[PDB]
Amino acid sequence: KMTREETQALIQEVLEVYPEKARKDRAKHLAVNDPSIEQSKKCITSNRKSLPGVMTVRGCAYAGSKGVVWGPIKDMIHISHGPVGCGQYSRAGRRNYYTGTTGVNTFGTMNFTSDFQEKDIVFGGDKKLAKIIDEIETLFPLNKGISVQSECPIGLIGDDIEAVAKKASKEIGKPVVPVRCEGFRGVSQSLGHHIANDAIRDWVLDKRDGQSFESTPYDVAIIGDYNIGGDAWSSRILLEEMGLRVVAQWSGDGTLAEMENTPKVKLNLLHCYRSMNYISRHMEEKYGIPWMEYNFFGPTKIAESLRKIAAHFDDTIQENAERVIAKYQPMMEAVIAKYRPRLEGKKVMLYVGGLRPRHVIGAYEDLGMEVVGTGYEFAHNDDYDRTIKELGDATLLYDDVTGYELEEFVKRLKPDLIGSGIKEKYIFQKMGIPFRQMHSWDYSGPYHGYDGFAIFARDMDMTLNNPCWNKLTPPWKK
């Protein structure tokens, strides 16, 4: 319904709002897809600093380290190290599901913090940190280890958390992992991923290098699934139905032991490329473990992913993949017959973090829906490269979109549905546009796997076709 030329005119009009410096910058982060482009020319600029004052959706390196990578590890204690804010706002906001007895052997929904006061700013927090670890050993004796998640002030005051950690780990006989994920570092959640992957590399991953382990030919790890609403469990089950043995999940429902055994696996299965390519690459370098990217959103991609994973093994696993796909076909066809007729032809705009802006397109297309706009908060060029093939022609693209831009694009494109985060949800609802949270799954899910797809389809239909959307206009204003 819009030509490339119109989309490009939309971009130019939206940029009129900005001062020159801002405009010049933003012009690099907005694009229209064209697969008839030199695949060596970048389509878009990415992973740059946000402009001041423009209302980015982006978070900080602490979010990507503590909130994303570390926080889900269920049997360790993650200390939010600094003043009280960061840990409180991030307390149980991400549905990285786990099984445990919280406060006793798991700690995921708790907020441990050093709650810095002024004296800690002035005199430093290292002594406080040392005592904290003692207090944790007294009060939470079943913890398998501790992470230290640095907030802005730690770096700025010159605390030496590495020294505290080394001494404390020797004393207590457990990993104490210092993480320099202070929020002034990098531009976004992205650098926190990287810092966190390296903290794992440097302080956890090699602990069992000498040791024997009971291995099998079919041992894999799920890398970069944070089990949002049970996403990883509904993934795991398919991999085990196929005959594989999942030694570890990183880091949804994950444990220290699972991480530590991951160097013994035969294949790393990377779902979220953005967040955990770093450790995947390290593990191929040091241990010779291959890694492959896969996608468990929707039946098309699941089938592709199962067959691809199976072909890395042997004929039996390949046979098994065919059995698993066939078993779930009746279900998938039932889900499509029920919901695809209610969603056929509907247009969607997405805006998410680092993966799902491309990864969920196949699932929408399995319901006859078209993504007419997508973007990322903090993706890199390698993510945009991977997005091109997944996208329709002449699709609008936006990197680190501003509040203003996203609103204007929605007003012009007039999508039937928007998929984004909590800070966006209530804006677009007021505009009368159906909205589904594509981080939190709007307190639903899972969306990964065959079981996930049924819930995804129900939810898109529930919201898109809901009666509430016909009622926004008072009848005496028509």
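Residue numbers here begin at 1 and follow the sequence given.
Averaged over CA atoms, B-factors in the entry run higher in 126-134 than in the other of 126-134 and 264-272. The PDB entry records a higher mean C-alpha B factor for 31-39 than for its counterpart among 31-39 and 422-430.
The PDB entry assigns its highest CA temperature factor, among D120, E405, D219, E240, to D120.
Of the residues listed, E182, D206, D253, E377, the entry assigns the biggest Cα temperature factor to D206. The entry lists a Cα temperature factor for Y18 that places it in the highest third of the chain's modelled residues. Residue-level temperature factors show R356 in the lowest third of its chain, judged at the C-alpha atom. In the deposited entry, the Cα temperature factor of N470 sits in the top third of values across the chain's modelled residues. Ranked within its chain, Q249 lands in the middle third, by CA B factor from the PDB record. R26: CA B factor lies in the middle third for its chain, per the PDB record.
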